[PDB]
Structures are given as structure tokens and as C-alpha cells.
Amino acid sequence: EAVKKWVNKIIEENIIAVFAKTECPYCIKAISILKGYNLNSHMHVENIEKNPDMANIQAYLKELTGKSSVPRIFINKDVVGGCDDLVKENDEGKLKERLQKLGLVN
């Protein structure tokens, strides 16, 4: 329960929550895309590789999202998914819609 509670706190206390690992090009790409919307003040990036319970975190992220890979991206507790999902939402206007409803972009 401790691992799940810790992950939950990250998702619930940050509007934009990104789970990442070290030297992860698609993590870096997704984080850069989000910071390009000036979301930094409401983002937390968690490096789950620098963590003794990486496998537990990944298993829980799969239970929540369908995949154990990083990056894993949540926006106001809603599952965006990975960087490819973020790129699809960004290119098709869904990302902007999301952020507008949250007051994060005009």
C-alpha cells in the first residue's frame, strides 16, 4: 500500500504528473512539450529509476494506464499515457483543450 500511496500523492498533488527515468529521450521530449505550454509551475517529474521500488511503481503505473513504460503522463489525474499519446493529443488539439479547461492556457 505504501508504494501505491506514494504514487497517488504525486498524481493527486500535481496537475501535471510525469513519471520518467534516467537518460530517457521520450521522457525528455514529453517534458519539453509540456514545459512549452508554460506548465512548469504545475508539473512534477519523478525519476522512478532513482528509486528502490522501480518495479512496484511500474507495475502500478501499468495497472493505472495499461503500460509499465516511462514516460507515464497524467493531467489532473486523467491518463494521457506516453510521449506518443502526448504528441497525438498535441497535434490534434486535445492537449490544448485539456489545458484550457484547467485554466492553464488561455
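Position 1 is the first residue in the sequence shown; the rest follow in order.
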Q: Place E97 in the lowest, middle or highest third of its chain's C-alpha B-factors, as listed in the PDB entry.
A: highest
Q) How does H42 rank on Cα B-factor within its chain, lowest, middle or highest third? A) highest
Q | For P71, the third of its chain into which the C-alpha B factor falls | A | lowest
Q.
By the recorded C-alpha temperature factor, relative to the other modelled residues in its chain, which third is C27 in?
A. lowest
Q: Please place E63 in the lowest, middle or highest third of its chain by C-alpha B factor as given in the entry.
A: middle
